[PDB]
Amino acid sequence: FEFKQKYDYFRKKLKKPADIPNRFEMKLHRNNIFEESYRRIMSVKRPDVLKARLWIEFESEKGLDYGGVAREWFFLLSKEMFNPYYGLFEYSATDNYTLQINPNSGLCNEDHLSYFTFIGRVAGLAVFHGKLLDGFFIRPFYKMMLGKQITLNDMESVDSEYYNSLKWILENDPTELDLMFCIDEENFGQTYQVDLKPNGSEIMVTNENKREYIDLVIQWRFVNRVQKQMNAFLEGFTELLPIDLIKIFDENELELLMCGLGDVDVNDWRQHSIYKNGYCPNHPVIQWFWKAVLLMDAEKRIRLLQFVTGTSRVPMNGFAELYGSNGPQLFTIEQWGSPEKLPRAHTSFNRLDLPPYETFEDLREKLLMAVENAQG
């Protein structure tokens, strides 16, 4: 209810100006969508015109819809903007698939700022027209839009083990860990040390500055090296919508508002899964598993994925490109235990130890349980 309530009130406050075309004229080649889309959207001088209906046609797929090519144009341009290899955004981790601004975006695309506002122009444009962008960001991103402050707490969704280690520094004496006010970076197999503050390389994390240290570490991890960018993204995002008209939503709501839910494509999933120690594609238990998945709804599915892989998200190129601690690792299902035991998982190898269940509902009950009553 609460979310539904809010959304609607949100939709209405928005207003279509009266001195703009009936629709927005767009026709471009699917194989060069980014640059072309970029030039079009980024030339309009009456940014308001962009509030007109999406009228799109590609000189490739001459599908006479021109309504539905709007749902696609977003799903297609996203795969471009939020591609970890274009250089504008990257993955928070090798196995997290949640995007974040590349601090070194400037040293990749030479005038990247114009591009961020563009991604912003679009980004918001999609919210105005009730569409969704593809891919998700680390909480801090959303929090930056909302005008929230970033803190130690915010890096637990991004990197738990790091969070905890920092939180330890916070509740103990760190003099023995012999830390210095600096970090370590890598590029071309070379590890180079960077200072958090002037001469940090030479300063110890005592028990008097341990707070100020956890500050710089977080400041640097999610804020220092991207404010110019994150700001451009907003310049554009708000050329379509009033930034404060959105503060009514929260971190998770705003997320669901522009990046929807992450409903997992069940097919691409089943197809890129491997079975070990007994199980195989046509095995009885396996046959049920998937029929159990078929039944679950968006939430329960994403959870199931989170319980087994440790991330509720999925790579850009699907389940074929899944990663584990040590690299590429397809979803795995291995036979283990007696029917008594609940199913287990090792988020490091994206594996699921599934005890050989005797009946379908027998499996469904123990699975749906592990999934829900989980993450602790």
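Each residue number is its position in the shown sequence, starting from 1.
Comparing 97-105 with 182-190, the higher mean C-alpha B-factor in the PDB entry belongs to 182-190.
Note on 199-207 vs 116-124: mean CA B-factor is higher in 199-207.
As recorded in the PDB entry, 63 shows the highest C-alpha B-factor of the residues 324, 318, 310, 63.
The entry assigns its greatest Cα B factor, within the set 330, 44, 314, 333, to 44. Residue 250: CA B factor lies in the highest third for its chain, per the PDB record. For residue 177, the recorded CA temperature factor ranks within the highest third of the chain's modelled residues. When all modelled residues of the chain are sorted by CA temperature factor, residue 212 is found within the middle third. Residue-level temperature factors show residue 111 in the highest third of its chain, judged at the C-alpha atom.
Ranked by Cα temperature factor within the chain, residue 140 sits in the lowest third according to the deposited record.
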